[PDB]
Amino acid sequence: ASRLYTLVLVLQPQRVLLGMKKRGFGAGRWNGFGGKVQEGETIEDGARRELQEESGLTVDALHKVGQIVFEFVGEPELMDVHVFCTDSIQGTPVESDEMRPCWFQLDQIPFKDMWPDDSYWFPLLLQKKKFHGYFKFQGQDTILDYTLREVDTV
């Protein structure tokens, strides 16, 4: 069994929007916007809802760019993360209780202060290749196993 999650990256020609997670699991790291998909909403609707909750932004269109599965040792549920990106946003990003958003130039992405898996698949995102990933974590800092490939259909 896996649990559905979303991750949204606002990727513009020279910059990318990340949020500093202020509370909860992964507090203290920059990441895309996202979270659990709820009962009664599509995956893409959940992705839009999380983006709006965490940054106030809405979007005209989201594009599927990847799927990442996470195993955490000792946790029974796999995490099935559907990754989206967009270039056209609506609004100005604002800080929420959950996230403090900030734009980063694409050669200044703060990998040392992000989830360790981002170092592996973020390059493919920036290269606009679609990908499937798998990452097995011991705790929040240590990747024990991983796979990563480019795909044709996300």
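Basically, rigid core = biggest C-alpha set you can superpose within 1.5 Å across the two forms. One rule holds for the numbers: they count along the sequence shown, beginning at 1.
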item: Of 46-54 and 90-98, which departs more from this form in 6 other deposited structures of this protein by CA RMS after core fitting; value: 90-98
item: Stretch exceeding the other in mean C-alpha B-factor - 130-138, 9-17; value: 9-17
item: Of 47-55 and 23-31, the stretch whose C-alpha atoms average the higher B-factor in the entry; value: 23-31
item: Given 68, 102, 114, 89, the residue at which the Cα B factor reaches its maximum; value: 89
item: Lowest, middle or highest third - CA B-factor, residue 61; value: highest
item: Ranked against its chain, the third holding the CA B-factor of residue 118; value: lowest
item: For residue 4, the third of its chain into which the C-alpha B factor falls; value: middle
item: For residue 37, the third of its chain into which the C-alpha B factor falls; value: lowest
